[PDB]
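Visitor:
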Amino acid sequence: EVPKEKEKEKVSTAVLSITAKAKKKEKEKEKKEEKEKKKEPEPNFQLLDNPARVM
Amino acid sequence: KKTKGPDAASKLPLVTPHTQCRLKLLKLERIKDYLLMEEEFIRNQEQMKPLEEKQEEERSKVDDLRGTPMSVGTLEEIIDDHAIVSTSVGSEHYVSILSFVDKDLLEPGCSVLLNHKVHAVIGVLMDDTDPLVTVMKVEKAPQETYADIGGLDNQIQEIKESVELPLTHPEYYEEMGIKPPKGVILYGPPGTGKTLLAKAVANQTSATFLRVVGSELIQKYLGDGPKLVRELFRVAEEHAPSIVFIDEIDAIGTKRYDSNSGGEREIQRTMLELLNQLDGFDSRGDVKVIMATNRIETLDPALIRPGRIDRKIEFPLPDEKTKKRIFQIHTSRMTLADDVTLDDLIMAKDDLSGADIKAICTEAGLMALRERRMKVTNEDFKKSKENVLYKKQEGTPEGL
Amino acid sequence: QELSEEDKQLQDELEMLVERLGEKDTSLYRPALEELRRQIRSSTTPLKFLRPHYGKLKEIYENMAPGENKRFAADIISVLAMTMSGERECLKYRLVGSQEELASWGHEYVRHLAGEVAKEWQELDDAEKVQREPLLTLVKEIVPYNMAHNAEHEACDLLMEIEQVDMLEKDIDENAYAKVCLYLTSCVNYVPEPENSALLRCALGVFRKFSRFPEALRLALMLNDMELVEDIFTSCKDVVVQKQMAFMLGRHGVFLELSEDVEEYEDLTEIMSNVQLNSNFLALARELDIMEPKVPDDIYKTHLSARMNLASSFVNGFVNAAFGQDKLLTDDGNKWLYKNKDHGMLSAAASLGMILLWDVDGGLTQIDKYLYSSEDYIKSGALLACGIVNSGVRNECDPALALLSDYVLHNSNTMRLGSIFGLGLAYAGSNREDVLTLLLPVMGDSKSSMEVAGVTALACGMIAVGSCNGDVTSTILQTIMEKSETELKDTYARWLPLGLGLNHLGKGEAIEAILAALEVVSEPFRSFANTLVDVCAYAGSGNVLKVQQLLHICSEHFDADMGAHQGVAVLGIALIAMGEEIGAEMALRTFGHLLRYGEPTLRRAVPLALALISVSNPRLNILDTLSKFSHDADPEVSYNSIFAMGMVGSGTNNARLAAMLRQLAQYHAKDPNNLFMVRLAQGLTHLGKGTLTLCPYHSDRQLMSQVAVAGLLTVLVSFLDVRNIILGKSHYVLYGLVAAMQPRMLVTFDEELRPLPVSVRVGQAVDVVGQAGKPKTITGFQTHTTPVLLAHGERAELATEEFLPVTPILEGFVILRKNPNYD
Ligand SMILES: Nc1ncnc2c1ncn2[C@@H]1O[C@H](COP(=O)(O)OP(=O)(O)O)[C@@H](O)[C@H]1O
């Protein structure tokens, strides 16, 4: 009922040598500048009205 | 069948140091970064598309009508609406193309597709990649420049003037109403001649270049040695106006052979076809024919005449400074030594030509690499002289 | 394999020695290593034999007792690590080693040591400054060795890697400083901005030290630091250096405002003002016999209409520009403009001013009669002609400011447009406070139209180019805000970002504040304006990051049609790294792929960047590609290709290109829209009779003149969308070539400032030997008298060692003095 879909078409930049050397300088600057409800309680302890499709 | 080739290579030969240094390093980083950015540009343009419009109108109308099965055959003739195509095993079809028609790229004698069933041309293969009957433009517009050869300043100026009378200042003698394709008759010692090529690369910096060396004493009954070169210079006029370098055939193929009749038919055909093409009254075009030789004596009287073949140029032996310059050029790539032993190898030398200079430079590196491997081998100071002797100059029993 | 007999014997001997050194007792450890090291440091002034003993030698070095034995052991491990290096074990052992004289261990060792020192100097973190001093001391020991053994260029490499160009200055002597500085200048083109300014500053330091002020001014102009230019001009004192500085400022076009306390100040300000520029240019043109007014008709080759006649008048003005000798618009000019129709009288008069540019005295008198003309277009054209005349050349009394008094803010749109454009061309690079304080209030006028406001912004930008004029920027932003966005983003607000880019030209970094202030603008114009100002500010830098951003943004669909800023991105691609040959010819190849698979807007803008790469440089591949794409289906693409060919051939008189344009004229004779601009391209090719080139790269084709590139970029911004604007009204924007129009011949004076007939050798100057920072080598000596047209690829050189120039850079103006050895 829910697709959880994403259309990105995004490819990472391949900066390698001197762009990465500037990236190292960018690292130099960038350095400073659900368990209790899932273990036991499966929904099997419900009550149903008298019309109820049950095998 | 051939017009031009895609020149998207030879990425900036001007690497200024040509030796491993920071500057050359940094130039290569800029080169590689641009390659990265160009690839990223085109990939992002092709991927982040401007618009999604159906099947790009290709599979809807043309692709299906072209069909799955196809066969290739040459296209023979053209008529106003249909086209006359000589397909495989000597089949001939008269069909009008309308799907994927590119008339300019279709052309007679080119490979086109046939959709089978209802045999109609549906496309053309502009690549084809089989124009191999006579191939002389494969080496066109050689990358060699003026700077590759030095110490020949007088000859460089003379040949440059003789070939920059066209291109540069063509109205000069257009007003003088002559349009002379005189060409240049080059002398020179047999120890040179591929410089007759090096001095030709100065003009090869502009337009293309054709070469006919050794050819034959055109025993062929059709002759058509110079006549096919006439067709190829016509092709050169279709292209950028090229020059024809016929070194060693202006000598042998056009010899002042002094017998008259019963003389291999080149004297009848080749010389007579050479002067017809060298006369501007018969063939037009900015084509300049460079007739270079090492035997000035065998100049045929038709070739002797400056009236049709003007601009006689003599190539002399290099002087002391010219020897210094050529040795500097050839040893620049190899870093001969840190002592720069330059003048000792040429001061007493005489009758040493460009081919000998290149040979001794190569052999100096070979002898150093043999066992004396020392980067800038300290032995190079005298080993350059050791391999400049190298015997091999001339040898003929004694007779003395 | 059977090795040499003596080689095997020595190998076995060294095997016995290393076994002795690897024995248990250490009483024989010292003698064994004494014996060993002597032949270890033998071949460097051997290493093959100890190839498999890496682990054993490491164990011996570690086991050696601290002291002499250990530090020789570290010495041997270091000198052998150059072969057995899985890491910089040579430097770690050598830091542990003796640190005594290292240079005797062979050239190969010291150079491997130098490289490893550079690696560690880059590798060590900021907090580690203990071992940095020992590496610096080792560097200061190896630099003299490199200087002696002609290794100064790699010495410069390691010193710039360690950022020690400051002590490079102190160590280098003049006997080899010229090639080191040339090496530095070559690295300048590709180093990013922080170290780029660092190498520029150190290059100024070397030349100031060695009294090399003429080339130091060239480097200061590269640094675009007017304060440092003034400082170094004060530093130099000799009359010869003073007067060559004034030529260099005058040739660059930027007027230096100084005091009369300096000696010969009147001549210095005159030659900086280019007063004698026109007189010398006409004198050389007469000496070449190239003075005859070339008719546009026989340029057209008419051997086989109002707009076409206008184009003929424009190309006639282009050909006769800077000459002032043309009777076609002088005697019967009034008849020609009267015969002319609609909007073209303004451009015809401006074309007459183009003929009279740099001719202050003659131009003003011959335009005074047309100033009182009846038609508003003729009056506005006359005023624009006056601004063109005073453009570039500086004047003591500055007649343009007084002449444009009522017209500067005149209510009539056309009259105000002509005066404003004229003042912009005049005060281009003057940075005059009075002119700025008089034109910016005109910028603030609300009665003026949108295009009038754009022209005011263009004038302000070209006046305050590369000045970071804060009040100009604030007025620009305030005017943009006050103008409503809907009417802003139509077709003409594209001049305001151009003014911003000019005002912050060549600065960078600070552009973040401008774009942040501009962020309030809506996307369709903001995405165009911020990109334009960014690329103009970062022009001549080679920022691969900025250009790939431009490549990413132009890669978008952008299909109200905001995709126009893809065009300015295309122009920025060429603009960022048009500096050297690399970065322009692969940018060319990038443009080829843009045309190869690109949007209609992208292919509309590509020829503009193609022209920007190689204006006035007729590269064969460019001419062929532009000619093949001149017949594209898109009319605007054809228009841009036509103009691109005109620009790349501009000021060249290239005969084969002119023939190609004539063939294009025959091809496009049916359609006048392409026909009249093909004529325009031919007039550009023959502009100034080819005497004045249009490439904004001067001083040996490596200096960006801000005013010329400003005017050129204004033309290309107009040619982004001439399919609307040149067809409609912008017959005046083409007159921005005055800034980019500079003569390309040599004018030789002497110490008494008289024209010398000294002959020089001129020809192709391209690198032959790259072994070091050798000066560019010239070939093809076609020597003749000093007036010689200097084109791309080819340079000039003095025929003999008899006349010493003030600067080795041989272009524009130069003073030649008698050599002491002249005989
Ligand atoms: N003066 C020179 N300067 C630089 N290179 C040269 C010079 N002379 C010859 N060469 C190079 O050496 C090669 C052989 O030259 P050349 O003597 O013309 O050959 P050959 O003697 O075989 O005809 C040429 O290809 C040319 O590139």
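Residue numbers (the entry's author numbering), protein chains in the order written: chain U, 818 to 850, 864 to 885; chain B, 38 to 118, 120 to 438; chain f, 43 to 87, 95 to 353, 367 to 621, 644 to 907.
We put the CB at the ideal spot given by N, CA and C, even for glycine.
For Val327/B versus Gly433/B, is the C-beta distance shorter than 8 Å?
Guide: One-based indexing of the second sequence puts residue 327/B at position 289. One-based indexing of the second sequence puts residue 433/B at position 395. Cβ distance not < 8 Å, so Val327/B and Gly433/B don't count as in contact.
Visitor: When the cut-off is 8 Å and only beta carbons count, does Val606/f lie next to chain U?
Guide: Mapped onto the third sequence, residue 606/f falls at position 544. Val606/f counts as touching chain U.
Visitor: Can you tell which of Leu208/f, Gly647/f, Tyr819/f and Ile893/f has its C-alpha closest to the C-alpha of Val166/f?
Guide: Within the third sequence, numbered from 1, the residue matching residue 166/f stands at position 117. Cα-wise, what sits closest to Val166/f is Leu208/f.
Visitor: In chain B, which residues lie with their C-beta within 7 Å of the C-beta of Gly854/f?
Guide: Residue 854/f sits at position 770 when you count from the first residue of the third sequence. Chain B residues near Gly854/f: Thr53, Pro54, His55 and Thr56.
Visitor: If you count every other CB in all the chains shown that lies within 10 Å of the CB of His770/f, and 16 or more means buried, which is it?
Guide: Start at 1 with the first residue of the third sequence, and residue 770/f comes out as number 686. Its Cβ being crowded by 16 or more others within 10 Å, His770/f is buried.
Visitor: Tell me whether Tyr428/B sits in a helix, a strand or coil according to DSSP, three-state version.
Guide: Your numbering for residue 428/B matches position 390 in the second sequence. In the three-state reduction of the DSSP assignment, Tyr428/B falls in the coil class.
Visitor: Which runs of the beta strand (DSSP E) fall wholly inside the stretch 658 to 727 of chain f and span at least 3 residues, in chain order?
Guide: none
Visitor: Which residues does DSSP list as the beta-bridge partners of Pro889/f?
Guide: Residue 889/f sits at position 805 when you count from the first residue of the third sequence. Beta-bridge pairing links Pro889/f to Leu900/f.
Visitor: Which residues, taken in chain order from the stretch 357 to 377 of chain B, show a beta carbon closer than 8 Å to some beta carbon of chain f?
Guide: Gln366, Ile367, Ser370, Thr373 and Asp376
Visitor: Can you find a C-beta in chain B that's less than 8 Å from the C-beta of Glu618/f?
Guide: Looking up residue 618/f in the third sequence gives position 556. With 8 Å as the cut-off, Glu618/f counts as an interface residue toward chain B.
Visitor: Counting pairs of beta carbons, one from the stretch 47 to 64 of chain f and one from the stretch 99 to 112 of chain f, are three or more of them closer than 8 Å?
Guide: yes
Visitor: If we call anything under 8 Å between Cβ atoms a contact, is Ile573/f one with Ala599/f?
Guide: In the third sequence, the residue the question calls residue 573/f occupies position 511. In the third sequence, the residue the question calls residue 599/f occupies position 537. In this structure, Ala599/f lies closer than 8 Å to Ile573/f by Cβ.
Visitor: Assuming the contact rule is C-beta atoms closer than 8 Å, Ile211/f and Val240/f should be a hit. Round their C-beta distance to whole Å, please.
Guide: By 1-based counting over the third sequence, the position of residue 211/f is 162. By 1-based counting over the third sequence, the position of residue 240/f is 191. Taking the Cβ atoms as the reference, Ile211/f lies roughly 14 Å from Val240/f, outside the contact range of under 8 Å.
Visitor: Return helix, strand or coil for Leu140/f, following the three-state DSSP convention.
Guide: Walking along the third sequence from the start, residue 140/f turns up at place 91. Note: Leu140/f maps to helix in three-state DSSP.
Visitor: Any heavy atom of ligand 1 closer than 7 Å to the beta-carbon of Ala444/f?
Guide: For the purposes of this step, residue 444/f is taken as residue 382 along the third sequence, with counting starting at 1. No, ligand 1 has no heavy atom inside 7 Å of this Cβ.
Visitor: Does the stretch 778 to 790 of chain f touch the stretch 451 to 465 of chain f, meaning 3 or more C-beta pairs lie closer than 8 Å?
Guide: no
Visitor: Taking its Cβ as the centre, do 16 or more other Cβ atoms sit within 10 Å of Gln57/B, making it buried, or is it exposed?
Guide: Position 20 of the second sequence holds residue 57/B. When all chains shown are included, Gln57/B counts as exposed.
Visitor: Got a sec: which bits of the stretch 72 to 91 of chain B sit with their beta carbon under 9 Å from any beta carbon on chain U, in order along the chain?
Guide: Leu73, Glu76, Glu77, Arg80, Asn81, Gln84 and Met85
Visitor: Quick test of the definition: if touching needs 3 or more C-beta pairs under 8 Å, does the stretch 384 to 400 of chain f touch the stretch 414 to 428 of chain f?
Guide: yes
Visitor: Leaving out the 5 sequence neighbours to the left and right, which residues in its chain are closer than 8 Å to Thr867/f when beta-carbon positions are compared?
Guide: Mapped onto the third sequence, residue 867/f falls at position 783. Excluding sequence neighbours, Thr867/f sits near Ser843, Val844, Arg845, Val846 and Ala883.
Visitor: Which residues in chain B have a C-beta closer than 8 Å to the C-beta of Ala739/f? List them in chain order.
Guide: On the third sequence, position 655 is the one that residue 739/f refers to. Neighbours of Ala739/f on chain B, chain order: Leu205, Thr206, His207, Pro208 and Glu209.
Visitor: Could you check whether the Cβ of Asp186/B sits closer than 7 Å to any heavy atom belonging to ligand 1?
Guide: Reading the second sequence from its first residue, position 148 is the one you call residue 186/B. Yes, the beta carbon of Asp186/B sits closer than 7 Å to at least one heavy atom of ligand 1.
Visitor: Please confirm if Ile216/B has its CB atom under 8 Å from at least one CB of chain f.
Guide: For the purposes of this step, residue 216/B is taken as residue 178 along the second sequence, with counting starting at 1. Cβ-Cβ to chain f under 8 Å: no for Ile216/B.
Visitor: Would you mind reading off the limits of the alpha helix (DSSP H) that contains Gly110/B?
Guide: Numbered from its first residue, the second sequence carries residue 110/B at position 73. Counting along the chain, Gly110/B falls outside any alpha helix (DSSP H), though it belongs to the beta strand (DSSP E) covering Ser108 to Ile115.
Visitor: I'd like to check one pair, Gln766/f with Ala742/f: are the Cβ atoms closer than 8 Å?
Guide: Numbered from its first residue, the third sequence carries residue 742/f at position 658. Numbered from its first residue, the third sequence carries residue 766/f at position 682. Yes.
Visitor: Does DSSP classify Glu212/B as helix, strand or coil?
Guide: One-based indexing of the second sequence puts residue 212/B at position 174. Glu212/B: helix per DSSP, three-state reduction.
Visitor: For a test of your reading of the model: does the CB of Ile135/B fall under 7 Å from any non-hydrogen atom of ligand 3? Yes or no.
Guide: In terms of ligand content, the structure shown lacks ligand 3 and carries ligand 1 instead.
Visitor: Can you list, in chain order, the residues of its chain with a C-beta nearer than 8 Å to that of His202/f? Leave out the 5 residues immediately preceding and following it.
Guide: Position 153 of the third sequence, counted from the start, is the residue given in the question as residue 202/f. Closer than 8 Å at Cβ, skipping near neighbours: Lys228, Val229, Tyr232, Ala856 and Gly857.
Visitor: So is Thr861/f in contact with chain B if we call contact Cβ pairs under 8 Å?
Guide: Position 777 of the third sequence, counted from the start, is the residue given in the question as residue 861/f. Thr861/f counts as touching chain B.
Visitor: Counting only C-beta atoms, is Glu93/B closer than 8 Å to chain U at any point?
Guide: Locating residue 93/B in the second sequence gives position 56, counting from the first residue. So, not an interface residue.
Visitor: Which bits of chain B does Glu826/U rub up against, with CB to CB less than 9 Å?
Guide: Stepping through the first sequence from its first residue, residue 826/U is reached at position 9. Simply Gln84 and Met85.
Visitor: I'd like to know whether the C-beta of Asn199/f is nearer than 8 Å to at least one C-beta of chain B.
Guide: Translated into positions along the third sequence, residue 199/f becomes position 150. Yes, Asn199/f lies at the interface with chain B (some Cβ there is under 8 Å from its Cβ).
Visitor: Which bits of chain U does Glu66/B rub up against, with CB to CB less than 8 Å?
Guide: Stepping through the second sequence from its first residue, residue 66/B is reached at position 29. Per Cβ cutoff of 8 Å: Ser834 and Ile835.
Visitor: Shorter than 8 Å from the beta carbon of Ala839/U to some beta carbon of chain B?
Guide: Position 22 of the first sequence, counted from the first residue, corresponds to residue 839/U. It does not: the Cβ of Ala839/U has no partner Cβ on chain B nearer than 8 Å.
Visitor: Does DSSP put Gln855/f in a helix, a strand or coil?
Guide: Translated into positions along the third sequence, residue 855/f becomes position 771. Here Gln855/f sits in coil by DSSP.
Visitor: Exposed or buried, which one is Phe803/f when buried takes at least 16 other CB atoms within 10 Å?
Guide: By one-based count along the third sequence, residue 803/f stands at place 719. When all chains shown are included, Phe803/f counts as buried.
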